[PDB]
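A.B. asks: Have a look at the structure that comes next, please.
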Amino acid sequence: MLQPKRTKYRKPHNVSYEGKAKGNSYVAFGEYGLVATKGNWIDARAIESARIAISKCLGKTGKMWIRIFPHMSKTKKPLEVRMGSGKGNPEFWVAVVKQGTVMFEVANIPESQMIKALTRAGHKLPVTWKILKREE
Amino acid sequence: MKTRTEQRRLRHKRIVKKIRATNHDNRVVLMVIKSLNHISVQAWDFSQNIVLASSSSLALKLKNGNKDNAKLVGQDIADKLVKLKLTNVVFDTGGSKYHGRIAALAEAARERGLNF
Amino acid sequence: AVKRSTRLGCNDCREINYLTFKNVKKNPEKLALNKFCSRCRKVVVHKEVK
Amino acid sequence: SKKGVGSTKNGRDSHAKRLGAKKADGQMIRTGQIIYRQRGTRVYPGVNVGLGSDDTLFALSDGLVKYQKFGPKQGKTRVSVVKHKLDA
Amino acid sequence: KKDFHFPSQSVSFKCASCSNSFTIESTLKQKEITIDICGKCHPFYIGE
Amino acid sequence: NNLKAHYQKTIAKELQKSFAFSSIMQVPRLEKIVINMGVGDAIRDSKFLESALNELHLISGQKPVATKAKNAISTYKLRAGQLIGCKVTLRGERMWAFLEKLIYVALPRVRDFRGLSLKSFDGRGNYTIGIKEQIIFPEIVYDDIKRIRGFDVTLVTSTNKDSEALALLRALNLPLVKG
RNA sequence: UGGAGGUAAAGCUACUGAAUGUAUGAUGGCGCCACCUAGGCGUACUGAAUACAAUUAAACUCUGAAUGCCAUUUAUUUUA
RNA sequence: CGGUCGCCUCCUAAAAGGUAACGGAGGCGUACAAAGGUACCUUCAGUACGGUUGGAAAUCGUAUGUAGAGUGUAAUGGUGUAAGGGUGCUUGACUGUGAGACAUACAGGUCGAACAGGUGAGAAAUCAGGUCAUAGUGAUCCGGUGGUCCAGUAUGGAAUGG
RNA sequence: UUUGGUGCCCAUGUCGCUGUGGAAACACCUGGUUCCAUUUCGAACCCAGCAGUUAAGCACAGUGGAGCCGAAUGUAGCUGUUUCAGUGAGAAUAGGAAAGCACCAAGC
Ligand SMILES: [Mg+2]
Ligand SMILES: [Mg+2]
Ligand SMILES: [Mg+2]
Ligand SMILES: [Mg+2]
Ligand SMILES: [Mg+2]
Ligand SMILES: [Mg+2]
Ligand SMILES: [Mg+2]
Ligand SMILES: [Mg+2]
Ligand SMILES: [Mg+2]
Ligand SMILES: [Mg+2]
Ligand SMILES: [Mg+2]
Ligand SMILES: [Mg+2]
Ligand SMILES: [Mg+2]
Ligand SMILES: [Zn+2]
Ligand SMILES: [Zn+2]
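Okay, here's the thing in structure tokens:
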């Protein structure tokens, strides 16, 4: 469960995911990457599910990079609570993924295994994923 | 931390800033700069940024660095200002404490009709 | 509210013409300033008046 | 069932002080008029422009106002009142 | 600066073995005060 | 001082020849010996500090100015606005008087003067000598502070390179191990 | 046409926080010794600082628009 | 039921100003006879090296460092020759005013050139009608206190008012 | 034109490195007996003189190391109407850059 050690403000305004791709747009650490095609809010739980799935289907020498990080938190008012009396308490942390940001990258294991590994990582995420390679 | 000449420039920067902020009647500004050997004098005008009158030991040809010659230098610059028909002046030092040679030059300007 | 104000009165016409502030806790000695007086039309010593 | 609701602790705000530029560039101005109200000198004073007890810029003579950018990397703003200078 | 109660007066210092009357300014008795170990009476400064 | 004239003549010739310096005043010249007798007991026993000052006066001929800390620490009982420590900086004729008096009378009286050098220069040409006890200085009567202390005599030079500063010390015959 | 501004955007070696990998690595944990105190050789590992490559922000800014706002110049229109 | 009720700072507030919610964070009901006014002088914190007590860190010297220092305070803005620090003399923390403006439903609030009187600093020019700026505050009625060139119910006082 | 002083400017003006220079001036420098001064030091401030001096500072030539500036193309955001026309950033880059504009006094 990825989580910032401390934050200055407990309850920040939500960060929009509509728009193009700001940073993390091109594979620059590995050479295959899982790009997104639909901006959405994805939480640290989905990262851990996808990262554990990919790691289980990885090998003994493969190496991985995690680009996105859940910096921003989100709140949720408790159930059966009527409107008013202030904002709710922070519940879960979500990373803002825009259309075009490379989320996961893999290297150092043959080609066939990485496509399968990226596939299982993207089936754990709500965004519509697509595979990209690193420019020579 | 520095040398005397740099400190004199720093103090000179302080005085010039104050005068340019408060001189409302636009008088000519009589800045005197004293060195170890000689002392020179020039009357600038910060509205036009030129020098109206000037005087120096080199111009007056004296073995200066003494309080005696400061009076003559002050006398020469005051004579030039009266011919120029300017008598309301502001007097600032080059950044040195107003005393000794500087005082003789300043006092010399005062007895011949200058207003400062 | 707290009352830290104090009065300064002339010592010639014994008229109170100014209102100032004073800390009795920190500064213990009575003020003996010199201010303008409307009556005497000059500067004169003003002392604290109850 | 209402289940009850908590209490908010921060709902206080102050009156908005109407700062900013008052007289625009090119505007005719008489002596004694405010040109810029600010909290801390955001625009420096120049010629024929004074200062107050609230760092408020006011004119000192008749003329046309003029803003000039100055300072390191041109990050400081300065105001002046260029007199009519009609001079026949 | 001046106008002090402690006057810096040139007092001479004698030593044993080698006289070496060194005159140095100090605020002490105005006479030939004898020092028992001077510079010249030290194994470090002279003498291997 | 007659040795001051000796300083002029001797330092000029030898230093000039040793490195072919193109000007006689390129050779280094010593400026000021700062003395810093500072003690933290003035936070509690202020009286003690006063006596300290008088001894500093009696050693140099300049009354010591008491210095104040620029911070506040609870563990040391320190607080801002207090005077803890006096510093004296001698110039002109008096500093050379103190220097010669130190090396010839006070310094060789040190209980065990084995000396220390080469490991004292700060890299900019300065030099500090850490004295252990004050009683060794002749200008002090037996009656003194209930606590005894040392000294922090330091030196400065016009040059910024340590080797030429060492050269000046050797020309001045400042008695340290190999330096 | 002139000007005020600090948003959208962008950037984080230009700060404040958050934060990924690689390399050199303070630091501790962990040992094995000697020494009871000054320490030493490797650390399954933690990770200061620096360099390279990459990130995040309503209450971050070394930058940074358009629109909008104010005024003036010219043309036209209405007696508001 | 719980919470709040006035004022000040930031964000939301969409680059003029203004803009709400039981929206998100904080403070105030002051402090200073110096932390005011003036003249003069002066400039970080930290870090590196070198040095008795003295230690990671007290003080000293040199160098480096462009603000992370200070500016009484909650934030914002400003300010590194400044508005920060020190010293000397002082009390303008004045009297009577006030053209012209900001912002405003009103009541109130904010800035202010300039004039007359008499002062303080300074050689003088100049500056001083409280502080680097914004919170530190409560109408009217009623009564009390000081002064007063006004009234004093026939007249002189007094009472009682102005 | 060159040196010295100063104002305007506020790094394409800086920090640093390597060399050259002084005729006059600028500077270090020589002393504290005078005016003046140190929260303590003639260090500084202030005096009266130029013996020595080109290390400094200062002034010139080189140095693209650090810092700074930065084109065109393209792109993100905007305005309209389109699902295309203007507006056009930030970042990155080729690269520039060893200041510039005026006044005065002296030999020129
Ligand atoms: Mg507000
Ligand atoms: Mg944005
Ligand atoms: Mg950052
Ligand atoms: Mg209730
Ligand atoms: Mg707007
Ligand atoms: Mg606005
Ligand atoms: Mg604050
Ligand atoms: Mg004062
Ligand atoms: Mg103040
Ligand atoms: Mg009642
Ligand atoms: Mg009657
Ligand atoms: Mg009656
Ligand atoms: Mg040279
Ligand atoms: Zn009176
Ligand atoms: Zn002997």
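Residue numbers (the numbering used here), protein chains in the order written: chain C, 4 to 139; chain W, 916 to 1031; chain L, 703 to 752; chain Y, 235 to 322; chain E, 130 to 177; chain U, 19 to 197. We put the CB at the ideal spot given by N, CA and C, even for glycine.
1. Given this structure, state the Cα-to-Cα distance separating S1011/W from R923/W, to the nearest angstrom.
2. May I have a chain-ordered list of the beta strand (DSSP E) segments no shorter than 3 residues that lie completely inside the stretch 980–1018 of chain W?
3. Give the single residue among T937/W, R942/W, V997/W and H953/W whose Cα lies nearest to the Cα of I1017/W.
4. Counting only the same chain and skipping the five closest in sequence on each side, list residues whose C-beta sits under 7 Å from that of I163/U.
5. Where does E114/C land, buried or exposed, given buried means 16+ other C-beta within 10 angstroms?
6. May I ask which residues mark the beginning and end of the beta strand (DSSP E) holding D259/Y?
7. Which residues mark the beginning and the end of the beta strand (DSSP E) in which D960/W is found?
8. Residues of chain E with CB closer than 9 Å to the CB of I29/U, please, in chain order.
9. Excluding five sequence neighbours on each side, which residues of the same chain lie with their C-beta closer than 7 Å to the C-beta of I158/U?
10. Near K949/W, what residues of its chain come up, given a Cβ to Cβ distance below 8 Å and the 5 sequence neighbours on each side ignored?
11. Mind checking which residues open and close the alpha helix (DSSP H) that includes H24/U?
12. Can you check whether the C-beta of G176/E is within less than 8 Å of a C-beta belonging to chain U?
13. Is it the case that the Cβ atoms of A110/C and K66/C are separated by a distance below 8 Å?
14. Would you list the residues sitting across from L37/C in a DSSP beta bridge?
15. Restricting to Cα atoms, I'd like to know which of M86/C, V105/C and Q6/C is closest to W68/C.
16. Determine the chain E residues that contact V123/U at a beta-carbon separation under 8 Å, and present them in chain order.
17. Going by C-alpha to C-alpha distance, which of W44/C, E108/C, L5/C and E138/C sits closest to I57/C?
18. Could you tell me whether any Cβ in chain Y is nearer than 8 Å to the Cβ of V109/C?
19. Less than 8 Å between CB atoms is the rule here; does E94/C satisfy it with respect to chain Y?
20. Under three-state DSSP, which class holds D170/U?
21. Which chain Y residues sit within Cβ distance under 7 Å of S52/C?
22. Can you check which of these residues, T1002/W, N1003/W and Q990/W, is closest to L1020/W by C-alpha distance?
23. Flag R13/C as yes if its beta-carbon sits less than 8 Å from any beta-carbon of chain Y, otherwise no.
24. Quick check: does the Cβ of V751/L come within less than 7 Å of any heavy atom belonging to ligand 14?
25. Alpha carbon to alpha carbon, how far is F133/E from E731/L?
26. Near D289/Y, what residues of its chain come up, given a Cβ to Cβ distance below 8 Å and the 5 sequence neighbours on each side ignored?
27. Give, in chain order, every unbroken run of the alpha helix (DSSP H) that is at least 4 residues long and sits entirely within the stretch 105–189 of chain U.
28. Grab the span of the alpha helix (DSSP H) containing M117/C for me, first residue to last.
29. Considering only DSSP beta bridges, list what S69/U is partnered with.
30. Would you say the stretch 163–173 of chain E touches the stretch 117–132 of chain U, given that touching needs at least three Cβ pairs under 8 Å?
31. How would you list, in chain order, the residues of chain C whose beta-carbon sits under 7 Å from the beta-carbon of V239/Y?
32. Given a cut-off of 8 Å, decide if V1005/W and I934/W are closer than it, judged by their beta-carbon atoms.
33. By Cβ distance, which residues of its chain are closer than 8 Å to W959/W, with the 5 residues on each side in sequence left out?
34. Just to check, is the beta-carbon of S146/E closer than 7 Å to a non-hydrogen atom of ligand 15?
35. Short check: CB of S970/W to CB of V997/W, under 8 Å?
36. Can you have a look at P306/Y and say buried or exposed, based on whether 16 or more other CB atoms are within 10 angstroms of its CB?
C.D. replies: Let me spell this out:
1. 6 Å
2. For the stretch 980–1018 of chain W, whole beta strand (DSSP E) runs of length 3 or above, ordered along the chain, are 1004–1008.
3. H953/W
4. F66, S69 and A70
5. exposed
6. Per DSSP, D259/Y belongs to no beta strand (DSSP E) and is neither H nor E.
7. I954 to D960
8. Those within 9 Å of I29/U in chain E number zero; the least Cβ separation is about 18 Å.
9. Answer for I158/U: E73, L76 and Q152, listed in chain order.
10. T1008, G1009, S1011, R1016 and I1017
11. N20 to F37
12. no
13. yes
14. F107/C and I134/C
15. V105/C
16. Around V123/U, the beta-carbon contacts reaching into chain E at under 8 Å are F142, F151, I153, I164, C167 and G168.
17. The option with the nearest alpha carbon to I57/C is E108/C.
18. no
19. No, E94/C does not count as interfacial toward chain Y.
20. The answer is strand: DSSP assigns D170/U an E or B state.
21. Those within 7 Å of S52/C in chain Y number zero; the least Cβ separation is about 33 Å.
22. The shortest C-alpha separation from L1020/W is found at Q990/W.
23. no
24. no
25. 36 Å
26. Excluding positions up to five away in sequence, the list reads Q272, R273, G274 and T275.
27. Runs of the alpha helix (DSSP H) lying entirely within the stretch 105–189 of chain U and spanning at least 4 residues, in chain order: 110–119.
28. Its alpha helix (DSSP H) spans residues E114 to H126.
29. DSSP, once it has assigned bridges, lists no residue as partnering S69/U.
30. Taking 8 Å as the limit for Cβ pairs, the verdict is that the stretch 117–132 of chain U does touch the stretch 163–173 of chain E.
31. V84, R85, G87 and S88
32. yes
33. Counting only residues of its own chain and dropping the five nearest sequence neighbours on each side, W959/W has a CB closer than 8 Å to the CB of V943, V944, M946, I965, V966 and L967.
34. yes
35. Against a cut-off of 8 Å, the Cβ pair of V997/W and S970/W comes out as no contact.
36. exposed
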